[PDB]
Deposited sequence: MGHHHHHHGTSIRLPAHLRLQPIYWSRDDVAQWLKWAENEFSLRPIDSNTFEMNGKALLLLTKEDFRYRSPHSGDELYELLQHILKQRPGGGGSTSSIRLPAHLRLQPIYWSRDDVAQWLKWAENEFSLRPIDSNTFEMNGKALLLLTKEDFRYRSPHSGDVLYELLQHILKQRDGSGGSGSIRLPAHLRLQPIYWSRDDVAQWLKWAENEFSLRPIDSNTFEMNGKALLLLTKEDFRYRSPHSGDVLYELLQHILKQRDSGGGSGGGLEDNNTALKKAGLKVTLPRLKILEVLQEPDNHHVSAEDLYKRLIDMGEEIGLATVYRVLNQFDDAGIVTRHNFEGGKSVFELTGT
């Protein structure tokens, strides 16, 4: 029992950006609210539907909770461009940029500059909602919610950097920055961005990361926060294979200090010496199934002389 004009009585999914603005103006007068600036929700009705109640309160502290609930009352009676149908973990930097361009058209947002998110989908997924708001004051909340919706519809370090950040040296910090530039497709990260060790890097606030690095500081800080939060029978199961005696034994021989690298025939000869009763072609099949399941690597040599190496 709230009377909107005819073109606002349809489903909000249909409301243009002007319809959104006429709705706000209608509500302000209907409910004696504080003035609602015509710029408070620069989007269409489809975009407004993606916003959380918290996003309403954030855009309109005087009236947002009220507008959200007015919207639920009104309600009580997504396919992307071809290259973007992948899980966002796989979007390239170019994809992210095409995602922005699609989104700005789909949702009538204010112009999203093409350097707003210069990073790949993996990096995008590291950012917080706060970081989307910061990069995009007009549309960051819609964009973040857009992404969460795309996720409903559906990172390990280099070896030289797998020790706690607290022990990193200046040099490690430097290798981290250039590892992260490549992994996350970020703008160039000049070698002097963070001239310090891990202990000092751990003292910086996210605002320090942003100042040192306008293009990538938020990604880098959340990467750091991520990094800080993050029996042969089972060995076989864990790699996808049924336990058999021929598998256990061969696996056993490969775990000998001498037999890490071993060819099929030597493995066989080694099995016999131990008094095991296993056939030659069986040794070949096991080690190749082991290869396929990541337990060993086959290194080829002509005529049944490949050497198998336990990974």
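Unmodelled regions (deposited sequence positions with no C-alpha coordinates, counted from 1) are 1-10, 88-97, 175-182, 259-270, 352-353.
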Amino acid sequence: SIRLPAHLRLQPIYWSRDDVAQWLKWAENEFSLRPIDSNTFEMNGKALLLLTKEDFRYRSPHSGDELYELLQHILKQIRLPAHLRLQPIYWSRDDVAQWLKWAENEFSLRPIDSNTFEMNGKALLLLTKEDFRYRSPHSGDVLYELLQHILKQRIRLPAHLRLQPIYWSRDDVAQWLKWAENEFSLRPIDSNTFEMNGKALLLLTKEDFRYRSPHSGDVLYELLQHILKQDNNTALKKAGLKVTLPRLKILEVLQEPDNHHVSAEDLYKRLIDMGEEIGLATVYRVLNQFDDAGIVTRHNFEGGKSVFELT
From here on, numbers count along this sequence of modelled residues.
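The stretch 84-92 shows the higher mean C-alpha B-factor when 84-92 is compared against 214-222 in the entry. Higher mean CA B-factor, judged across 265-273 and 44-52 from the recorded values: 265-273. As recorded in the PDB entry, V253 shows the highest C-alpha B-factor of the residues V286, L70, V253, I36. Note on the listed residues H160, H149, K178, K229: the highest Cα temperature factor in the record is that of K229. Per-chain ranking of the deposited C-alpha B factor places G240 in the highest third. For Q164, the recorded CA B-factor ranks within the middle third of the chain. Only modelled residues enter the ranking. Sort the chain's modelled residues by C-alpha temperature factor and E118 lands in the middle third, per the entry. Ranked against the other modelled residues of its chain, the C-alpha B-factor of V20 as given in the entry falls in the lowest third. Remark: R154 belongs to the highest third of its chain, ranked by C-alpha B-factor as recorded.
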